[PDB]
$ cat work07.csv   # CSV, N, CA and C atoms
chain,number,residue,atom,x,y,z
A,22,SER,N,0.8,-1.3,0.0
A,22,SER,CA,0.0,0.0,0.0
A,22,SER,C,0.8,1.3,0.0
A,23,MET,N,0.2,2.4,-0.5
A,23,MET,CA,0.8,3.7,-0.6
A,23,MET,C,1.1,4.4,0.8
A,24,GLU,N,0.1,4.2,1.8
A,24,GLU,CA,0.3,4.8,3.2
A,24,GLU,C,1.4,4.1,4.0
A,25,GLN,N,1.6,2.8,3.8
A,25,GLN,CA,2.8,2.1,4.3
A,25,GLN,C,4.1,2.8,3.8
A,26,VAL,N,4.1,3.2,2.5
A,26,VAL,CA,5.3,4.0,1.9
A,26,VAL,C,5.4,5.5,2.3
A,27,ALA,N,4.3,6.1,2.8
A,27,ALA,CA,4.3,7.4,3.4
A,27,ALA,C,4.9,7.4,4.8
A,28,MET,N,4.4,6.5,5.6
A,28,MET,CA,4.9,6.1,7.0
A,28,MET,C,6.4,5.7,6.9
A,29,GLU,N,6.7,4.9,6.0
A,29,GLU,CA,8.1,4.5,5.6
A,29,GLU,C,8.9,5.8,5.2
A,30,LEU,N,8.2,6.6,4.4
A,30,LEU,CA,8.7,8.0,4.2
A,30,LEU,C,8.9,8.8,5.5
A,31,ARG,N,8.0,8.7,6.5
A,31,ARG,CA,8.1,9.3,7.8
A,31,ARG,C,9.3,8.7,8.6
A,32,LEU,N,9.3,7.4,8.8
A,32,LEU,CA,10.5,6.7,9.4
A,32,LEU,C,11.8,7.1,8.7
A,33,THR,N,11.8,7.1,7.4
A,33,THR,CA,13.0,7.4,6.6
A,33,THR,C,13.4,8.8,6.9
A,34,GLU,N,12.5,9.7,7.0
A,34,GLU,CA,13.0,11.1,7.2
A,34,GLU,C,13.4,11.3,8.7
A,35,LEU,N,12.7,10.6,9.6
A,35,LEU,CA,13.2,10.6,11.0
A,35,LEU,C,14.6,10.1,11.1
A,36,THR,N,14.9,8.9,10.4
A,36,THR,CA,16.2,8.4,10.3
A,36,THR,C,17.3,9.5,9.8
A,37,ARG,N,16.9,10.2,8.8
A,37,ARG,CA,17.8,11.3,8.3
A,37,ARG,C,18.1,12.4,9.4
A,38,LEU,N,17.1,12.8,10.0
A,38,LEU,CA,17.2,13.7,11.2
A,38,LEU,C,18.1,13.1,12.3
A,39,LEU,N,17.7,11.8,12.7
A,39,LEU,CA,18.4,11.2,13.8
A,39,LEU,C,19.9,11.0,13.4
A,40,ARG,N,20.3,10.7,12.2
A,40,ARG,CA,21.7,10.5,11.8
A,40,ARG,C,22.5,11.8,12.0
A,41,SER,N,22.0,12.9,11.6
A,41,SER,CA,22.6,14.2,11.8
A,41,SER,C,22.8,14.5,13.3
A,42,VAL,N,21.7,14.2,14.1
A,42,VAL,CA,21.8,14.3,15.6
A,42,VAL,C,22.9,13.4,16.2
A,43,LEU,N,22.9,12.2,15.7
A,43,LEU,CA,24.0,11.2,16.2
A,43,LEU,C,25.3,11.7,15.9
A,44,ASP,N,25.5,12.1,14.7
A,44,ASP,CA,26.8,12.7,14.3
A,44,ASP,C,27.2,14.0,15.1
A,45,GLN,N,26.3,14.8,15.5
A,45,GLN,CA,26.5,16.0,16.3
A,45,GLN,C,26.8,15.6,17.8
A,46,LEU,N,26.1,14.6,18.3
A,46,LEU,CA,26.4,14.0,19.6
A,46,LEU,C,27.7,13.4,19.6
A,47,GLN,N,28.1,12.6,18.6
A,47,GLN,CA,29.3,11.9,18.6
A,47,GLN,C,30.6,12.9,18.4
A,48,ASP,N,30.3,14.1,17.8
A,48,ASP,CA,31.3,15.2,17.8
A,48,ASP,C,31.6,15.8,19.2
A,49,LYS,N,30.6,15.7,20.1
A,49,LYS,CA,30.8,16.2,21.5
A,49,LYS,C,31.7,15.2,22.4
A,50,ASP,N,32.2,14.2,21.8
A,50,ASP,CA,33.0,13.1,22.4
A,50,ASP,C,34.2,12.9,21.6
A,51,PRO,N,35.1,14.0,21.5
A,51,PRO,CA,36.4,13.8,20.8
A,51,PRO,C,37.3,12.8,21.4
A,52,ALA,N,37.2,12.5,22.7
A,52,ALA,CA,38.1,11.5,23.2
A,52,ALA,C,37.7,10.0,22.8
A,53,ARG,N,36.5,9.8,22.2
A,53,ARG,CA,36.0,8.5,21.8
A,53,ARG,C,35.9,7.5,23.0
A,54,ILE,N,35.5,8.0,24.1
A,54,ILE,CA,35.2,7.2,25.3
A,54,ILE,C,33.9,6.3,25.1
A,55,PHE,N,33.0,6.9,24.2
A,55,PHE,CA,31.7,6.3,24.1
A,55,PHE,C,31.4,5.7,22.7
A,56,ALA,N,32.5,5.6,21.9
A,56,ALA,CA,32.4,5.1,20.5
A,56,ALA,C,32.0,3.7,20.3
A,57,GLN,N,32.5,2.8,21.2
A,57,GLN,CA,32.3,1.4,21.2
A,57,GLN,C,31.8,0.8,22.5
A,58,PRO,N,31.2,-0.4,22.5
A,58,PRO,CA,30.8,-1.0,23.8
A,58,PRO,C,32.0,-1.1,24.7
A,59,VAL,N,31.7,-1.0,26.0
A,59,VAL,CA,32.7,-1.4,27.0
A,59,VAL,C,33.1,-2.8,26.8
A,60,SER,N,34.4,-3.1,26.8
A,60,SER,CA,35.0,-4.4,26.5
A,60,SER,C,34.7,-5.3,27.7
A,61,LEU,N,34.1,-6.4,27.5
A,61,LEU,CA,33.9,-7.4,28.5
A,61,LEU,C,35.2,-8.2,28.8
A,62,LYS,N,36.2,-8.1,27.9
A,62,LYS,CA,37.5,-8.8,28.1
A,62,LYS,C,38.3,-7.9,29.1
A,63,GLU,N,38.3,-6.6,28.9
A,63,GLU,CA,38.9,-5.6,29.9
A,63,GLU,C,38.1,-5.3,31.1
A,64,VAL,N,36.8,-5.4,31.1
A,64,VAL,CA,36.0,-5.2,32.3
A,64,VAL,C,35.0,-6.4,32.4
A,65,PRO,N,35.6,-7.5,32.9
A,65,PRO,CA,34.8,-8.8,32.8
A,65,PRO,C,33.6,-8.8,33.8
A,66,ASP,N,33.6,-7.9,34.8
A,66,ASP,CA,32.4,-7.8,35.7
A,66,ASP,C,31.3,-6.8,35.2
A,67,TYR,N,31.5,-6.2,34.0
A,67,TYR,CA,30.7,-5.0,33.7
A,67,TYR,C,29.2,-5.3,33.7
A,68,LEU,N,28.8,-6.5,33.3
A,68,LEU,CA,27.4,-6.8,33.2
A,68,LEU,C,26.8,-7.1,34.6
A,69,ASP,N,27.6,-7.3,35.7
A,69,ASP,CA,27.1,-7.3,37.1
A,69,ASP,C,26.7,-6.0,37.5
A,70,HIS,N,27.2,-4.9,37.0
A,70,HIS,CA,27.0,-3.5,37.3
A,70,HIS,C,26.0,-2.9,36.4
A,71,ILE,N,26.1,-3.1,35.1
A,71,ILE,CA,25.3,-2.4,34.1
A,71,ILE,C,24.5,-3.4,33.4
A,72,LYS,N,23.2,-3.3,33.5
A,72,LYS,CA,22.2,-4.2,32.8
A,72,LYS,C,21.9,-4.0,31.3
A,73,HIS,N,22.0,-2.8,30.8
A,73,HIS,CA,21.7,-2.4,29.5
A,73,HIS,C,22.9,-1.5,29.0
A,74,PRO,N,24.0,-2.1,28.6
A,74,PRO,CA,25.1,-1.4,27.9
A,74,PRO,C,24.6,-0.6,26.6
A,75,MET,N,25.3,0.5,26.4
A,75,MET,CA,25.1,1.2,25.2
A,75,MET,C,26.3,2.0,24.8
A,76,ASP,N,26.4,2.3,23.5
A,76,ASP,CA,27.5,3.1,23.0
A,76,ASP,C,27.1,3.6,21.6
A,77,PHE,N,27.9,4.5,21.0
A,77,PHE,CA,27.5,5.1,19.8
A,77,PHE,C,27.5,4.2,18.6
A,78,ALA,N,28.4,3.2,18.5
A,78,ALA,CA,28.4,2.3,17.4
A,78,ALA,C,27.1,1.4,17.4
A,79,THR,N,26.7,1.0,18.6
A,79,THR,CA,25.5,0.2,18.8
A,79,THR,C,24.3,1.1,18.4
A,80,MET,N,24.2,2.3,18.8
A,80,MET,CA,23.1,3.2,18.3
A,80,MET,C,23.1,3.4,16.8
A,81,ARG,N,24.3,3.5,16.2
A,81,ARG,CA,24.4,3.7,14.8
A,81,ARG,C,23.9,2.5,14.0
A,82,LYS,N,24.2,1.3,14.4
A,82,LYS,CA,23.7,0.0,13.8
A,82,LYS,C,22.2,0.1,13.9
A,83,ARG,N,21.6,0.4,15.0
A,83,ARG,CA,20.2,0.5,15.2
A,83,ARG,C,19.5,1.5,14.2
A,84,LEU,N,20.1,2.7,14.2
A,84,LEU,CA,19.6,3.8,13.3
A,84,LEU,C,19.6,3.3,11.8
A,85,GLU,N,20.7,2.7,11.4
A,85,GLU,CA,20.8,2.4,10.0
A,85,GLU,C,19.9,1.2,9.6
A,86,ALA,N,19.4,0.5,10.6
A,86,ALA,CA,18.4,-0.6,10.4
A,86,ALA,C,17.0,0.0,10.5
A,87,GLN,N,16.9,1.3,10.5
A,87,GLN,CA,15.6,2.1,10.9
A,87,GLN,C,14.9,1.6,12.1
A,88,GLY,N,15.7,1.3,13.1
A,88,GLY,CA,15.2,0.7,14.3
A,88,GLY,C,14.7,1.7,15.4
A,89,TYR,N,14.8,3.0,15.1
A,89,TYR,CA,14.3,4.1,16.1
A,89,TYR,C,13.0,4.6,15.5
A,90,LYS,N,11.9,4.3,16.1
A,90,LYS,CA,10.5,4.6,15.6
A,90,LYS,C,10.1,6.1,16.0
A,91,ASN,N,10.8,6.7,17.0
A,91,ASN,CA,10.5,8.1,17.4
A,91,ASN,C,11.8,8.6,18.1
A,92,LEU,N,11.8,9.9,18.4
A,92,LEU,CA,12.9,10.5,19.1
A,92,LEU,C,13.1,10.0,20.5
A,93,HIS,N,12.0,9.7,21.2
A,93,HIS,CA,12.0,9.2,22.5
A,93,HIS,C,12.9,8.0,22.6
A,94,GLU,N,12.8,7.0,21.6
A,94,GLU,CA,13.6,5.8,21.7
A,94,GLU,C,15.1,6.1,21.5
A,95,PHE,N,15.4,7.0,20.7
A,95,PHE,CA,16.8,7.4,20.4
A,95,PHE,C,17.4,8.1,21.7
A,96,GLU,N,16.6,9.0,22.3
A,96,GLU,CA,17.1,9.7,23.5
A,96,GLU,C,17.3,8.7,24.7
A,97,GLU,N,16.4,7.6,24.7
A,97,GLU,CA,16.6,6.6,25.8
A,97,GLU,C,18.0,6.0,25.6
A,98,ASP,N,18.4,5.7,24.4
A,98,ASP,CA,19.7,5.0,24.2
A,98,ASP,C,20.8,6.0,24.5
A,99,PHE,N,20.7,7.3,24.2
A,99,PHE,CA,21.7,8.2,24.4
A,99,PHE,C,21.8,8.4,26.0
A,100,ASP,N,20.7,8.5,26.6
A,100,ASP,CA,20.7,8.6,28.1
A,100,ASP,C,21.3,7.3,28.8
A,101,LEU,N,21.2,6.1,28.2
A,101,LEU,CA,21.9,5.0,28.7
A,101,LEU,C,23.4,5.1,28.7
A,102,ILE,N,23.9,5.7,27.5
A,102,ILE,CA,25.3,5.9,27.4
A,102,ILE,C,25.8,6.7,28.6
A,103,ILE,N,25.1,7.8,28.9
A,103,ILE,CA,25.5,8.7,30.0
A,103,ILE,C,25.3,8.1,31.3
A,104,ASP,N,24.1,7.6,31.5
A,104,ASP,CA,23.8,7.1,32.8
A,104,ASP,C,24.6,5.9,33.2
A,105,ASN,N,24.9,5.0,32.3
A,105,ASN,CA,25.7,3.8,32.6
A,105,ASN,C,27.1,4.3,33.1
A,106,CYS,N,27.6,5.3,32.4
A,106,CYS,CA,29.0,5.7,32.7
A,106,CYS,C,29.0,6.4,34.1
A,107,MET,N,28.0,7.2,34.4
A,107,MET,CA,27.9,7.9,35.7
A,107,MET,C,27.6,6.9,36.9
A,108,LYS,N,27.1,5.8,36.6
A,108,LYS,CA,27.0,4.8,37.7
A,108,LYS,C,28.2,4.0,37.8
A,109,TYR,N,28.8,3.5,36.7
A,109,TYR,CA,30.0,2.6,36.8
A,109,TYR,C,31.2,3.3,37.3
A,110,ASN,N,31.4,4.5,36.9
A,110,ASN,CA,32.7,5.3,37.2
A,110,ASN,C,32.4,6.3,38.3
A,111,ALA,N,33.3,6.4,39.2
A,111,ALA,CA,33.3,7.4,40.3
A,111,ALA,C,33.3,8.8,39.8
A,112,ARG,N,32.7,9.7,40.7
A,112,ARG,CA,32.5,11.1,40.4
A,112,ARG,C,33.9,11.8,40.0
A,113,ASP,N,35.0,11.4,40.7
A,113,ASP,CA,36.3,12.0,40.4
A,113,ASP,C,37.1,11.4,39.2
A,114,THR,N,36.4,10.8,38.3
A,114,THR,CA,37.2,10.1,37.2
A,114,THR,C,37.0,10.9,35.9
A,115,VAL,N,37.9,10.7,35.0
A,115,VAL,CA,37.8,11.2,33.6
A,115,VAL,C,36.6,10.7,32.9
A,116,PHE,N,36.3,9.4,33.1
A,116,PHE,CA,35.1,8.9,32.5
A,116,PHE,C,33.8,9.6,32.9
A,117,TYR,N,33.6,9.7,34.2
A,117,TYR,CA,32.4,10.3,34.7
A,117,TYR,C,32.3,11.7,34.2
A,118,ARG,N,33.4,12.4,34.3
A,118,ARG,CA,33.4,13.8,33.8
A,118,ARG,C,33.1,14.0,32.3
A,119,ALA,N,33.6,13.1,31.5
A,119,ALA,CA,33.2,13.0,30.1
A,119,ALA,C,31.8,12.9,29.8
A,120,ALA,N,31.1,12.0,30.6
A,120,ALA,CA,29.7,11.8,30.5
A,120,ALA,C,28.8,13.0,30.9
A,121,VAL,N,29.2,13.7,32.0
A,121,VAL,CA,28.6,15.0,32.4
A,121,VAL,C,28.6,15.9,31.2
A,122,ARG,N,29.8,16.1,30.7
A,122,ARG,CA,30.0,17.0,29.6
A,122,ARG,C,29.3,16.7,28.3
A,123,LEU,N,29.2,15.4,27.9
A,123,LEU,CA,28.4,15.0,26.8
A,123,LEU,C,26.9,15.2,27.1
A,124,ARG,N,26.4,15.0,28.3
A,124,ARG,CA,25.1,15.2,28.7
A,124,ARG,C,24.7,16.7,28.5
A,125,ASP,N,25.6,17.5,29.0
A,125,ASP,CA,25.3,19.0,29.0
A,125,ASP,C,25.2,19.6,27.6
A,126,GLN,N,26.2,19.3,26.8
A,126,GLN,CA,26.3,19.7,25.4
A,126,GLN,C,25.3,19.0,24.5
A,127,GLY,N,25.0,17.7,24.7
A,127,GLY,CA,24.0,17.0,24.0
A,127,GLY,C,22.6,17.6,24.2
A,128,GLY,N,22.3,18.1,25.4
A,128,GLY,CA,21.0,18.6,25.8
A,128,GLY,C,20.5,19.7,24.8
A,129,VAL,N,21.5,20.5,24.4
A,129,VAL,CA,21.2,21.7,23.5
A,129,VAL,C,20.8,21.1,22.1
A,130,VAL,N,21.5,20.1,21.6
A,130,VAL,CA,21.3,19.4,20.3
A,130,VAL,C,19.9,18.8,20.3
A,131,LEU,N,19.6,18.1,21.4
A,131,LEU,CA,18.4,17.3,21.6
A,131,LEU,C,17.2,18.3,21.8
A,132,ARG,N,17.4,19.4,22.4
A,132,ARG,CA,16.3,20.4,22.6
A,132,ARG,C,15.8,20.9,21.2
A,133,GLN,N,16.7,21.2,20.3
A,133,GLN,CA,16.4,21.6,18.9
A,133,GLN,C,15.8,20.4,18.0
A,134,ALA,N,16.4,19.3,18.1
A,134,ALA,CA,15.8,18.1,17.5
A,134,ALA,C,14.4,17.8,17.9
A,135,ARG,N,14.0,18.0,19.2
A,135,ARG,CA,12.6,17.8,19.6
A,135,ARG,C,11.7,18.8,18.8
A,136,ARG,N,12.1,20.0,18.7
A,136,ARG,CA,11.4,21.0,18.0
A,136,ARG,C,11.3,20.6,16.5
A,137,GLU,N,12.3,20.1,15.9
A,137,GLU,CA,12.3,19.6,14.4
A,137,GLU,C,11.4,18.4,14.1
A,138,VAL,N,11.4,17.5,15.0
A,138,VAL,CA,10.5,16.3,15.0
A,138,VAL,C,9.0,16.6,15.1
A,139,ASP,N,8.7,17.5,16.1
A,139,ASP,CA,7.3,18.1,16.2
A,139,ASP,C,7.0,18.9,14.9
A,140,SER,N,7.9,19.9,14.6
A,140,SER,CA,7.6,20.8,13.5
A,140,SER,C,7.5,20.2,12.1
A,141,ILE,N,8.5,19.5,11.7
A,141,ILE,CA,8.4,18.7,10.4
A,141,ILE,C,7.4,17.6,10.4
A,142,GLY,N,7.2,17.0,11.6
A,142,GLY,CA,6.2,15.9,11.8
A,142,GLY,C,6.9,14.6,12.1

$ encode --input "work07.csv" --output "structure tokens"
Amino acid sequence: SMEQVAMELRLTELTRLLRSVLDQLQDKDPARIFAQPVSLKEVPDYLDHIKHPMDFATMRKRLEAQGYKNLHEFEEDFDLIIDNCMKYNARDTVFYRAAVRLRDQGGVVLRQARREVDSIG
């Protein structure tokens, strides 16, 4: 049907917006602390601490498979990146502080994205 292809046109254009947003988020992480999953070889206890790991490459795989149905789902994954790091790493660490900074700077990007998703539809 044609309406399935308009919705697919909706999902497709959400994906185009979300890719730009992801690239802008991933620019606020020049250290690449959040680029890949935490290594279970290097942190073998990680899953005892963090139940739902996330990272930018994992978000990107999902985006490219048109796996984000709305902005809420995408924000949930970006919030896992931040939140997992602030739980696993102590307040006085380079990791924790990188997450705070990503959260702060990301908020600006996400605030305008929410306006574009509502505005464009």

$ residues_around --input "work07.csv" --residues "residue 131 of chain A" --least-positions-apart "3" --cutoff "8 Å" --atoms "only C-alpha atoms" --output "MDAnalysis selection string"
chainID A and resid 42 96 127:128 134:135

$ atom_distance --input "work07.csv" --atom1 "atom CA of residue 117 of chain A" --atom2 "atom N of residue 41 of chain A"
25.5 Å

$ atom_distance --input "work07.csv" --atom1 "atom CA of residue 81 of chain A" --atom2 "atom CA of residue 113 of chain A"
29.4 Å

$ atom_distance --input "work07.csv" --atom1 "atom CA of residue 111 of chain A" --atom2 "atom CA of residue 45 of chain A"
26.4 Å

$ residues_near_point --input "work07.csv" --point "(20.4, 2.2, 24.2)" --cutoff "8 Å" --atoms "only C-alpha atoms" --output "MDAnalysis selection string"
chainID A and resid 73:76 79:80 95 97:102

$ closest_residue --input "work07.csv" --among "A:141, A:22, A:54, A:40" --to "residue 85 of chain A" --atoms "all atoms listed in the file"
A:40

$ closest_residue --input "work07.csv" --among "A:82, A:124, A:53, A:142" --to "residue 31 of chain A" --atoms "all atoms listed in the file"
A:142

$ decode --input "work07.csv" --residues "segment 39-136 of chain A" --atoms "C-alpha atoms" --output "short mmCIF file (atom, residue, chain, number, x, y, z; two decimals), in the first residue's frame"
data_model
loop_
_atom_site.label_atom_id
_atom_site.label_comp_id
_atom_site.auth_asym_id
_atom_site.auth_seq_id
_atom_site.Cartn_x
_atom_site.Cartn_y
_atom_site.Cartn_z
CA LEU A 39 18.44 11.16 13.77
CA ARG A 40 21.69 10.53 11.79
CA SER A 41 22.57 14.22 11.84
CA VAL A 42 21.76 14.34 15.58
CA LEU A 43 23.95 11.23 16.22
CA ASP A 44 26.83 12.73 14.30
CA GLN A 45 26.48 15.99 16.35
CA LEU A 46 26.36 14.00 19.58
CA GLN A 47 29.35 11.94 18.60
CA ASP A 48 31.29 15.19 17.80
CA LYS A 49 30.84 16.19 21.51
CA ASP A 50 32.98 13.06 22.39
CA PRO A 51 36.37 13.84 20.79
CA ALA A 52 38.07 11.46 23.22
CA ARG A 53 36.03 8.49 21.81
CA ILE A 54 35.23 7.20 25.32
CA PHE A 55 31.65 6.32 24.06
CA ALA A 56 32.37 5.13 20.49
CA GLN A 57 32.28 1.41 21.18
CA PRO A 58 30.82 -1.00 23.76
CA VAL A 59 32.69 -1.36 27.00
CA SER A 60 34.97 -4.39 26.50
CA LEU A 61 33.90 -7.42 28.52
CA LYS A 62 37.48 -8.76 28.14
CA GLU A 63 38.91 -5.64 29.86
CA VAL A 64 35.95 -5.21 32.31
CA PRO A 65 34.81 -8.76 32.83
CA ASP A 66 32.38 -7.81 35.69
CA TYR A 67 30.69 -5.00 33.66
CA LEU A 68 27.36 -6.79 33.24
CA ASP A 69 27.12 -7.32 37.05
CA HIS A 70 26.96 -3.55 37.32
CA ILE A 71 25.29 -2.36 34.11
CA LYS A 72 22.21 -4.20 32.84
CA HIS A 73 21.74 -2.42 29.49
CA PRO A 74 25.08 -1.37 27.93
CA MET A 75 25.07 1.22 25.19
CA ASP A 76 27.50 3.05 22.96
CA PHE A 77 27.55 5.11 19.76
CA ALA A 78 28.36 2.28 17.38
CA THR A 79 25.48 0.23 18.76
CA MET A 80 23.13 3.25 18.35
CA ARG A 81 24.38 3.68 14.78
CA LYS A 82 23.72 0.04 13.83
CA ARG A 83 20.16 0.45 15.15
CA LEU A 84 19.62 3.78 13.29
CA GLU A 85 20.85 2.36 9.98
CA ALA A 86 18.44 -0.59 10.37
CA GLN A 87 15.63 2.07 10.85
CA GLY A 88 15.21 0.75 14.34
CA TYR A 89 14.28 4.08 16.05
CA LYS A 90 10.49 4.64 15.63
CA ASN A 91 10.54 8.05 17.39
CA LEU A 92 12.94 10.52 19.08
CA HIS A 93 12.03 9.19 22.49
CA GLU A 94 13.57 5.79 21.67
CA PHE A 95 16.80 7.44 20.42
CA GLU A 96 17.07 9.69 23.52
CA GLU A 97 16.59 6.62 25.77
CA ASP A 98 19.70 5.02 24.20
CA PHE A 99 21.73 8.25 24.44
CA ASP A 100 20.67 8.55 28.10
CA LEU A 101 21.88 4.95 28.72
CA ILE A 102 25.34 5.91 27.42
CA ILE A 103 25.52 8.74 29.98
CA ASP A 104 23.76 7.10 32.79
CA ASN A 105 25.69 3.83 32.61
CA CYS A 106 28.99 5.73 32.74
CA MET A 107 27.94 7.89 35.72
CA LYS A 108 26.96 4.77 37.65
CA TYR A 109 29.98 2.57 36.82
CA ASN A 110 32.68 5.25 37.19
CA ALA A 111 33.26 7.36 40.28
CA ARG A 112 32.55 11.08 40.41
CA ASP A 113 36.26 12.04 40.43
CA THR A 114 37.16 10.10 37.19
CA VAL A 115 37.85 11.22 33.62
CA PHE A 116 35.10 8.86 32.46
CA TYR A 117 32.40 10.30 34.74
CA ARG A 118 33.35 13.81 33.81
CA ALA A 119 33.25 13.05 30.08
CA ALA A 120 29.66 11.82 30.53
CA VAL A 121 28.60 14.96 32.38
CA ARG A 122 30.04 17.04 29.56
CA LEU A 123 28.38 14.96 26.83
CA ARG A 124 25.07 15.20 28.69
CA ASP A 125 25.31 18.99 28.99
CA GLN A 126 26.27 19.68 25.38
CA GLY A 127 23.96 17.02 24.03
CA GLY A 128 20.97 18.64 25.78
CA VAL A 129 21.24 21.66 23.46
CA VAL A 130 21.27 19.45 20.34
CA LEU A 131 18.37 17.33 21.60
CA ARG A 132 16.30 20.38 22.57
CA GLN A 133 16.38 21.62 18.91
CA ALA A 134 15.84 18.05 17.51
CA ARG A 135 12.60 17.76 19.57
CA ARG A 136 11.40 21.03 17.98
#
